[PDB]
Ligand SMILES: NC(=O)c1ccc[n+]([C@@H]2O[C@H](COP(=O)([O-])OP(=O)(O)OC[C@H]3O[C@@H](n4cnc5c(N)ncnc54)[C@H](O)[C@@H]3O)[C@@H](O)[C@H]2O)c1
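Here you get one chain, nothing else, as C-alpha cells; it is the form solved without nicotinamide-adenine-dinucleotide (NAD).
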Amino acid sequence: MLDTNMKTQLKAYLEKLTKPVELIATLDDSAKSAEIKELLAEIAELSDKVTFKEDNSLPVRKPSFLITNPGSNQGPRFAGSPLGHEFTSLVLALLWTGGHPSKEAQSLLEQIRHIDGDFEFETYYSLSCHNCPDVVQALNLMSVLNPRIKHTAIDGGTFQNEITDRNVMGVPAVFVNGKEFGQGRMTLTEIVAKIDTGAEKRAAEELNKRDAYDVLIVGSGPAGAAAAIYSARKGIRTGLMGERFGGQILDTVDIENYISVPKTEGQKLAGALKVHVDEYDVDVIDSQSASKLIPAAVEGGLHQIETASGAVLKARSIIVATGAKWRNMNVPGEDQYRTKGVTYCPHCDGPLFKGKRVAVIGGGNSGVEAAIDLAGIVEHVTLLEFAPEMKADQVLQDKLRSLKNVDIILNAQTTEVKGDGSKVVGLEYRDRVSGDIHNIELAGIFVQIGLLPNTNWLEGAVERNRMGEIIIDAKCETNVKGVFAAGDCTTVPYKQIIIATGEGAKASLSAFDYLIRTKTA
C-alpha cells in the first residue's frame, strides 16, 4: 500500500545500498498477510539488492518479516504494517542493513557493539502515532549493530490481541526479556543508559580517551601541586596525576616551618593546596600510579606515562614529583606513636623536645648530623647504630663523640617503641651480638635510617644518582629533553615542604620555557 511518492523515494534510497538486503516473511492466510506479502514484493521490485523470501514455518508472529543480509538472521523484525509514520523507520532499517551509515554519534555507536548481555526487545506502536518512530528506529539500529540485541516492532492495529491482553494503554511501549521496559519518547542515548550496568575498571579506560597534555605532573604532593598551579596559570593544558593528593603532609599533624604560617596542620595544608589547585584549570587525577615512562622518539613529540591500572597518558612535557618514603624501624609501637613521639624529621620536630631525652636511629650522615643538631636543643641524645660502626663521615663522628649529653650505642637494633597510651616514654632494643635486650627512657625517637625516592619505576628512562634521586640541574632538567623533576624524589639536598613547593614552581617554569622553544620548532 505504497503510493507513487513512497515508491519513488524508495528507488532513490535503495540506490545507496552497498550490501544485499533480504526480507524474510513468515505469514498466514489472512488479509493482513497478503498486504505484507504485496508490500515486500513491491519493495523487491525497486532494487536488485533487495530480495523477498518466505518461511512460514518459523515460530514468530504472523504476519511478520525480518530485515537482514544473506546467510544471516541478525536484524529487526516488523510485525504488522510498517507503513504510516513508520515508513521512514522501514526505510532507515533497510539502509542500515544495506550498509548505509547511521547519523548517530560515532562514540555512541561503538558502545552498542561492545555491550554485555542478551536483550530481546519488542515495541508496540500504531501507524497514527507521531512519536513511535524514533523509538522503533533507535531499537532497530541496535539489532543491526550487534546480534545479541534483538528487536520486534509490533503494529497494534494488526495485533489487537496483544495490546489488549498485554495491558498497554499508550504507544510507544517497550518490553525487554518479557519484563516491561518503559513508554514514551525515549531517545537512543537514554535507552543505552538503562541497558548498561557497568561500574569498575572504567577509570583506566577514561584515561586513554584523554587528550595529550602540555604538561603532565606525576605525583601530587606539595611539589606537584605547586607545579600544577604555576602551569595552569600560563593557560596551558595541565594534568596532575598522583596516588594520593597531599603527599607526605597528609600523615603529619603540626607544621611550624611553612614560611609565613606560624602553625598549621598537615590535613589542613593538604586541603588548602587542593583549593589553590582547583582555582585554575587543572585536570586532577587521583588514585593512579605511574608504572613506566616512555620518552618521546623525537624532539617535539610526546612522552608517555603508563599506569598500573593499564592506562597510558601522553604529554609534550613531564614533571616527576613522586617524592619519597622515609624508612621505618618496622617494630611494634611505631605506627601507634607517630606524630606522638615517633618522628622522621629533625628539622621539623627538633624544637618540640627542649629539655627532653631523645633517640636517633641511624648512624649515617643524616643520623649523626641529626644527633649533633638535637644535642644543642634537648637534654640528652642517644644514637643507635645497627652496625658495629657508624657509616657517617669521620668529622661528624668525632664531633658527636665530643658532646657531653650524647650516648652512642653500636650493634643496636630497635625492637619496640613504648608509650603510655598517648605518648612515647621509652624504647626497647637488642644487642645484635649478645642478644640481650635493653630499655631506654625517652620522649622522642627520630628515625634517620634512610630515604627511598619513589623512582625505581624510572630505571632506564631518566638518570638517577647512587641514592635513587633523580639528577637535576638548577632548572630541574633531567637527562631527557622535556622531562623535569621536583621535590624529594630529586637530588635536592634537603627535603622540606617549602623547599619542595619552590622546586615545583621552578620545574613548571622550566617546562613552560621548553614548550615555547619546541612548538614552532
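Quick note: we count residues from 1 along the sequence shown, nothing fancier. Definition used throughout: the rigid core is the maximal C-alpha set that superposes within 1.5 Å between two forms.
A.B. asks: State which stretch shows the higher mean Cα B factor in the entry: 125-133 or 386-394.
C.D. replies: In the deposited entry, the stretch with the higher C-alpha B-factor mean is 125-133.
A.B. asks: Mean C-alpha B-factor higher for 242-250, or for 100-108?
C.D. replies: Looking at the recorded C-alpha B-factors, 100-108 comes out higher on average.
A.B. asks: Checking the record values for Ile259, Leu293, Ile191, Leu403, which has the greatest CA B factor?
C.D. replies: Within the set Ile259, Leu293, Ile191, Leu403, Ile191 shows the top C-alpha B-factor.
A.B. asks: For the listed residues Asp335, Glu279, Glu200, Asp214, which one has the largest C-alpha B-factor as given in the deposited model?
C.D. replies: By C-alpha B-factor in the record, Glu200 ranks first.
A.B. asks: For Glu463, does the deposited CA B-factor place it in the lowest, middle or highest third of the chain?
C.D. replies: It belongs to the middle third of the chain when residues are ordered by C-alpha B-factor.
A.B. asks: Going by the CA temperature factor in the PDB record, which third of the chain does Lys475 belong to: lowest, middle or highest?
C.D. replies: Within its chain, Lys475 is a lowest-third residue by C-alpha B-factor, going by the deposited values.
A.B. asks: Mind checking which third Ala25 falls in for C-alpha B-factor across the chain?
C.D. replies: CA B-factor rank for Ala25: middle third.
A.B. asks: Based on the deposited C-alpha B factors for this chain, I'd like to know if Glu469 is in the lowest, middle or highest third.
C.D. replies: As the PDB entry reports it, the C-alpha B-factor of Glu469 lands in the lowest third of its chain.
A.B. asks: Could you place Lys495 in the lowest, middle or highest third of its chain by Cα temperature factor, using the values in the record?
C.D. replies: It belongs to the lowest third of the chain when residues are ordered by C-alpha B-factor.
This next part talks about the form deposited with nicotinamide-adenine-dinucleotide (NAD) bound, which is not shown.
A.B. asks: Spell it out for me: taking nicotinamide-adenine-dinucleotide (NAD) in the bound PDB entry, does every residue among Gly341, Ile440 and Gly444 have a heavy atom no farther than 4.5 Å from it?
C.D. replies: Not one of the three qualifies.
A.B. asks: Could you spot which one of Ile449, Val171, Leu94, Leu302 gets a heavy atom to within 4.5 Å of nicotinamide-adenine-dinucleotide (NAD) in the bound PDB entry?
C.D. replies: It is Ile449.
A.B. asks: Please tell me which of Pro59, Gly460, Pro493, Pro70 lies within 4.5 Å of nicotinamide-adenine-dinucleotide (NAD) in the bound PDB entry, judged by heavy atoms.
C.D. replies: Looking at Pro59, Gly460, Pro493, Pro70 one by one, just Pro493 meets the 4.5 Å heavy-atom criterion.
A.B. asks: If you check in the bound PDB entry, is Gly426 within 4.5 Å of nicotinamide-adenine-dinucleotide (NAD), heavy atoms only?
C.D. replies: No - in the bound PDB entry, heavy atoms of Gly426 and nicotinamide-adenine-dinucleotide (NAD) never come within 4.5 Å of each other.
A.B. asks: Examine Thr152 and determine whether its closest non-hydrogen atom to nicotinamide-adenine-dinucleotide (NAD) in the bound PDB entry is within 4.5 angstroms.
C.D. replies: Residue-level check for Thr152: no, no contact with nicotinamide-adenine-dinucleotide (NAD).
A.B. asks: Using a 4.5 angstroms cut-off on non-hydrogen atoms, would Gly84 count as touching nicotinamide-adenine-dinucleotide (NAD) in the bound PDB entry?
C.D. replies: Residue-level check for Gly84: no, no contact with nicotinamide-adenine-dinucleotide (NAD).
A.B. asks: Answer with yes or no whether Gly363 is in contact with nicotinamide-adenine-dinucleotide (NAD) in the bound PDB entry, where contact means some heavy atom within 4.5 Å.
C.D. replies: Answer yes; at least one heavy atom of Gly363 falls within 4.5 Å of nicotinamide-adenine-dinucleotide (NAD) in the bound PDB entry.
A.B. asks: So which stretch, 157-165, 197-205, 114-122, 380-388, is the one near nicotinamide-adenine-dinucleotide (NAD) in the bound PDB entry (non-hydrogen atoms, 4.5 Å)?
C.D. replies: Looking at the partner contacts, the answer comes out as 380-388.
A.B. asks: Rigid core superposed, CA of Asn167 - does it shift 2 Å or more between this form and the one not shown?
C.D. replies: Yes.
A.B. asks: If I superpose the two forms on their rigid core, does the C-alpha of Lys201 end up displaced by 2 Å or more between this form and the one not shown?
C.D. replies: Result for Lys201: yes, a 2 Å-plus shift.
A.B. asks: Mind checking the CA-CA distance of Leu141 and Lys201 in the bound PDB entry? It differs by 3 Å or more from this form, so is it closer or farther?
C.D. replies: Closer together, by at least 3 Å.
A.B. asks: Looking in the bound PDB entry, are the Cα atoms of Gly242 and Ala199 closer together or farther apart than here, the change being 3 Å or more?
C.D. replies: Result: farther.
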